[PDB]
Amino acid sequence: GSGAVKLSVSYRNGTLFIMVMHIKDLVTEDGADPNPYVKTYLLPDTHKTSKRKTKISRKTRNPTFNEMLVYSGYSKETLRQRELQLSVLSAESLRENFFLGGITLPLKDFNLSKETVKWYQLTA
């Protein structure tokens, strides 16, 4: 299943709010507890300014973040032509950080006039 992430997606005062609440069931291909963090981009990214990331959650497959990722300066019209590429990676200090799972969500699928809160299944 690769795990699932709970997110709150809302938009107010011209700002997109992505709250990464928590993740459950991440899997590594080696039985070691990863050091997960979440990274998002809004694509396509004309100016190369959309990278956002949470802090690192140490040794766990079920991290709780409760972190708000903020994307300001976008109109709702522009967002309808953007996808939220969310990636969960393990932060590693003696080897390359590795991909645990992710999901791409077209913002057009969201009623950005309200707050959408739900769990999303990650893919690999």
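Residue indices: 1-based, along the sequence shown.
Novice: Which has the higher mean CA temperature factor in the PDB entry, 17 to 25 or 109 to 117?
Specialist: Higher mean C-alpha B-factor in the PDB entry: 109 to 117.
Novice: Looking at the deposited entry, does 27 to 35 or 95 to 103 carry the larger mean Cα B-factor?
Specialist: Mean C-alpha B-factor is greater for 27 to 35.
Novice: According to the deposited entry, which of 61, 52, 55, 48 has the largest Cα B-factor?
Specialist: Highest C-alpha B-factor among the listed residues goes to 48.
Novice: Which third of the chain holds residue 78 when residues are ordered by C-alpha B factor: lowest, middle or highest?
Specialist: Top third by C-alpha B-factor.
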